[PDB]
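Given as structure tokens, the chain that follows is alone and in the form deposited in one PDB entry.
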């Protein structure tokens, strides 16, 4: 027998053995996430350990097939995926310690509480207390207290754990023939073997920086506008030429400036397109929300949701007797089992996020016929990009009117368009420098370019210079403010959000051109377009069988990420900001601080 044929038969056996084990693990973890009990957590951990043991056995087995002798790209990809030594290349004690510190960081992040000094009986954890403050408070001192308490409490605990985390993860990545853990993470985008579609792990850094350079002017003008508007809100606290104080950005970190809309609305005279009251007055429920999303997806040529989906999903909070995890998730359990876990409220935000999660589910349904190890997005950004184009189409006023949640006599001024685009930008473009700077800091730390004695020094230097954000109080090396974010303290890569943000507007442009759309791109609703549906399905069905560059080319015509779709989406707001900032300073000095 040939080495390739032996590997093919091994992969057949693996797929058929792994479907059932992954399904059992998924059932156990679902029973946990929908019904948090000790029996359920023990069953989840049992099934997960069984799956991990099977995976490590199959890894050591697949390593016995010499990769160099494989001439079939698909079986080569599957073999490499199985051969990843992962954490196993660690000694037993070091692996135990790494899992220990991972769980410890996750625990202190998800459980940390800070108490009010003025009223020591009131104590809040991050959700919902401190986030409610950072979202709605207009008091400078209260916001500063929340920000500094969160950091000086949980990040100080996280600091040494994160140092040990860095050293252990670097040991693992180096033992797995990578430069560092950042190189490992960037490996998700690597394509190696297909002529004309390859992609190295440093090409990602090159491309991200080259595109952020072009993003810079739009962000600078949005920053200047928001800075002036915040000066009206916090007089004597903000310099007209300085960076924005980090605790006034709308959430705990400034990842999204969404909650600054009340303070930055261009034309507050216009009514806001918040259809929450319409949904409540029409007696909508989560059933109706998800049925409407399903009708949307069917209107473009995609299948219904499965009866198994409608029978097994949990779309509302089960109440006080049965406590569950409410983070919205789209579950692809395998064996054709698709579910959504979401504690849906009757709000416009939950309507849009239901569209997003059902887009996730549609992707999963579309690549179900692929072999097991190929049932996944082209890269880490594709699922969120698909969900986001769904949510954009659902958020357009044309769609909102056609569904009947917005009045037919809602006039679309040239000012309502700037309002809508500004609110979109606060979220979408406000997050890009944040994401890029966080991942740059993480990459540099993993690379060993930032010594431990100036972690926070370089963190806030980069904050100032890149993001235009300045800390309200000085922080020494005791703090670990990057780890005060969920993705950092829970070992999730972050550049996925940048890449998906660019991908989503590439996709929106392509699918709206397919839908013969004519007006400004942000006014595009791909509803009722079987052509756009087909063009998107041609990419969804591939899963991870083809390179992500080829998958992106199949829909948008380009082998790489592009920023002009995003810039063209935001062009009208860009010119409006350039006019609005004629007598305002654009840019920022990196040296001014709210303290001296």
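Basically, rigid core = biggest C-alpha set you can superpose within 1.5 Å across the two forms. Positions refer to the first chain, counted from 1.
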- [ ] Output the stretch having the higher mean C-alpha B factor in the entry; the candidates are 137 to 145 and 70 to 78.
- [x] 70 to 78
Task: Given 441 to 449 and 400 to 408, the range whose Cα B-factors average higher in the PDB entry - done: 400 to 408
Task: Top Cα B factor in the deposited entry, candidates 304, 110, 232, 490 - done: 304
Task: Largest Cα B-factor, entry values, listed residues 299, 131, 236, 329 - done: 299
Open item on the list: Split into thirds by Cα B-factor across the chain's modelled residues, where does residue 573 land: lowest, middle or highest?
Closed with: highest
Task: CA B-factor placement of residue 27, once the chain's modelled residues are sorted into thirds - done: lowest
Open item on the list: When the deposited Cα B-factors of this chain's modelled residues are ordered and cut into thirds, is residue 6 in the lowest, the middle or the highest one?
Closed with: middle
Task: Third of the chain, ranked by Cα B-factor, where residue 465 sits - done: lowest
- [ ] Sorting the chain's modelled residues by C-alpha B-factor, tell me whether residue 380 ends up in the lowest, middle or highest third.
- [x] lowest
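The same protein has a further form, the form deposited in another entry, not shown here; the description that follows concerns it.
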Open item on the list: Please name the one residue from 218, 173, 77, 502 with a C-alpha displacement of 2 Å or more between this form and the one not shown, using the rigid core for the superposition.
Closed with: 77
TODO: Kindly check if the Cα atom of residue 111 is displaced 2 angstroms or more between this form and the one not shown relative to the superposed rigid core.
DONE: no
Open item on the list: Superposing on the rigid core, I want to see if residue 6 changes position between this form and the one not shown - specifically a Cα shift of 2 Å or more.
Closed with: yes
Open item on the list: Relative to the superposed rigid core, does residue 314 relocate between this form and the one not shown - that is, does its Cα move 2 Å or more?
Closed with: yes
Task: Distance trend in the other entry - C-alpha atoms of residue 179 and residue 70, change of 3 Å or more - done: farther
